[PDB]
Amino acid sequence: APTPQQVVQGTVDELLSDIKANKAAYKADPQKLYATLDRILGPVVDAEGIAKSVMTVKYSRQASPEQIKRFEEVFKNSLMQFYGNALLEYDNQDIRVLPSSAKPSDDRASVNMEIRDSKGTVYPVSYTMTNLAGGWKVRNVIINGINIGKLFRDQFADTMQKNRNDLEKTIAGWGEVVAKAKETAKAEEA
């Protein structure tokens, strides 16, 4: 069986080489890029675990499985809509998966990497992995010190309090949280 390090390295190599070979077709049709993303990342992403992680048990247990699913989709689709093109504009950059001692039989692990971009500007990116029945999957992403999972966890709680714990209202507006997540991170970084 593979280790979380290999699952990361393999996914990075597969996705980057796939984008490089088809960079022209994706720039012309983003729906093709979105499909390839779902095909490559889908198997290695714990979408339901991430959704529940952002909602917290306090709110997920007030939601139906059909509702949690609809929250996954708004999350996925909005992430691709506002941050999918980023994988095309700068796929010329370098990535380095840093060492790790995690074994395949482990139940949890964190895999760190570095992204050298624009003349060598390095930001760390970390992936919190969890070993499930379907193998190792991403459960959280930390970027340059910003716990993205906790960021959305806080935004979800703030929006739920404003909507008087209306899940439907929160889901119908979650696209706007994702769209602003980048500046939300920049402000929290300065």
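Just count from 1 along the sequence shown to find any residue number.
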Decide which of the stretches 120-128 and 150-158 has the higher mean C-alpha B-factor, going by the entry. 120-128
For the C-alpha atoms alone, is the average B factor greater in 109-117 or in 85-93, going by the entry? 85-93
Residue with maximal Cα B-factor (values as given in the PDB entry) among 39, 32, 69, 58: 32
Looking at the C-alpha B-factor values in the deposited entry, which of 165, 53, 144, 62 comes out highest? 144
Taking the C-alpha B-factors as the PDB entry records them, is residue 24 in the lowest, middle or highest third of its chain? highest
Residue 169 - Cα temperature factor, lowest/middle/highest third of chain: lowest
